[PDB]
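Trainee: below you'll find the sequence and an experimental structure to go with it.
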Amino acid sequence: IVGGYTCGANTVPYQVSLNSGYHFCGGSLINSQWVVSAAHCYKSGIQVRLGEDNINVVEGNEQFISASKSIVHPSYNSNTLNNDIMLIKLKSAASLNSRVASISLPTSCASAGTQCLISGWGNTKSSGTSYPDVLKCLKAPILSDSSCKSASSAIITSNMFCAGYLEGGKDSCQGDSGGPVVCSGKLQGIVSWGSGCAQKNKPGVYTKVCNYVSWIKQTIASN
Ligand SMILES: COC(=O)[C@H](Cc1cccc(C(=N)N)c1)NC(=O)CNS(=O)(=O)c1ccc(C)cc1
Ligand SMILES: [Ca+2]
């Protein structure tokens, strides 16, 4: 996260860290046994870490649980990042409490102008690299599709939405991928892609979760 602030230990209880010997992606706990993340974060041998703040120090509220199954969206296109979403089932249900909680799925799609909370342990520099050990937070508004396409010229599908600032300076970054974008207490997006980080007229692009609720629900019900 670039231009954000330190969230505070466990103030974002649904945030998870995907670890394969090191943190490589974020994720969101949607219930005691399932996590949602980005399809481009797919990898075998994933361990989910819950209740994390400083990912390099055992602080006492963590739950480390291995994944038993990973399900990338059937229509994920790695070239365009369309349908960049994946579900991860935990080998065992996590113990939910004040520091480890799930985030609800949306019942409707959020509108441009809505303020959302984005979080992660990704790079904090727009130029060069500097990885924080504690969770960073960023408040950012959903941008209109027209204002976005008009700025980045990049290809934005109906399963994506831009959030951030066209002036640059604040944005999600490398290592934040798969992380949550929460608006109105519901999971509305997943950190997906962008051109560099916090560059002017290059806002972050997120997976539009409201379009996948049916798939998520059905998949969780049969797996
Ligand atoms: C990959 O390294 C990076 O610094 C960022 C990471 C990232 C991830 C998720 C969201 C954001 C964000 N800004 N909100 C940033 N992405 C890039 O810089 C990618 N742009 S890119 O134009 O460099 C590019 C595009 C496609 C390929 C195969 C490789 C590189
Ligand atoms: Ca820790």
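Mentor: Looks like it came in fine. Numbers count the residues shown, from 1 in each chain. Ligands and ions are numbered 1, 2, ... in the order given.
Trainee: and the nearest residue to residue 4 once chain neighbours are set aside, bridged to which residues?
Mentor: Closest residue to residue 4 apart from its sequence neighbours, by CB to CB, 6 or more residues apart in numbering: residue 138 at 3.7 Å. Bear in mind the C-beta positions are built from the backbone N, C-alpha and C, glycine included. In this entry, residue 138 is beta-bridged to residue 118, by DSSP bridges.
Trainee: so residue 138 makes contact with residue 6?
Mentor: No. Counting by CB atoms under 8 Å, no contact exists between residue 138 and residue 6, whose distance comes to 11.0 Å.
Trainee: per the record, what domains does this structure have?
Mentor: Domain ranges of the chain: 1-12+103-210, 13-102+211-223, per curated CATH domains.
Trainee: okay, buried residues for stretch 197-208 please.
Mentor: 197-199, 202-208 (16 or more other CB atoms under 10 Å).
Trainee: and whichever residue of the chain sits closest to ligand 1, backbone torsions?
Mentor: Using CB to the nearest ligand atom, residue 194 is the residue of the chain that sits closest to ligand 1, at 2.3 Å. As for residue 194, its main-chain torsions (degrees, to the nearest 10) stand at phi -180, psi 170.
Trainee: could you identify which of the domains of the chain is most buried?
Mentor: Highest mean neighbour count among these (mean count of other CB atoms under 10 Å): domain 1-12+103-210, with a mean of 19.
Trainee: what about that one and ligand 2, touching?
Mentor: No. Figure legend: domain 1-12+103-210 not in contact with ligand 2 (CB under 5 Å from the ion); closest approach 8.6 Å.
Trainee: what's the end-to-end length of that domain?
Mentor: 23 Å (CA to CA, to the nearest Å).
Trainee: I'd like the distance from that domain to the chain centre, please.
Mentor: Distance of domain 1-12+103-210 from its chain centroid, counting by CA atoms, centre = their mean, to the nearest Å, is 8 Å.
Trainee: swap in stretch 78-97?
Mentor: 10 Å.
Trainee: and that stretch, how far apart are its ends?
Mentor: 36 Å.
Trainee: quick one on the thing from earlier: tell me which of the buried residues of stretch 197-208 is nearest to residue 88?
Mentor: Closest to residue 88 out of these is residue 207 (14.7 Å), distances taken as CB to CB.
Trainee: how about the strands in this protein?
Mentor: For the chain, the strands defined by DSSP state E occupy 5-6, 15-19, 23-31, 34-37, 47-50, 63-72, 86-90, 115-120, 136-141, 160-163, 180-183, 186-193, 204-208.
Trainee: most remote residue from the middle of the chain, which is it?
Mentor: Going by CA atoms, centre = their mean, the residue of the chain most distant from its centre is residue 150, 24.6 Å out.
Trainee: near ligand 1, which residues of this structure?
Mentor: Contacts of the chain with ligand 1, taken as CB under 6 Å from any ligand atom, map to 171-174, 176-177, 191, 193-197, 204.
Trainee: find the centremost residue of the chain, please.
Mentor: Short answer for the chain (CA atoms, centre = their mean): residue 179, at 1.6 Å.
Trainee: wait, what's in contact with the closest residue to that one other than its chain neighbours?
Mentor: Nearest non-adjacent residue to residue 179, counting by CB to CB, 6+ apart: residue 26, 3.0 Å away. Residue 26 makes contacts with 15-18, 37, 119-122, 175-180, 191, as judged by CB atoms under 8 Å, 6 or more residues apart in numbering.
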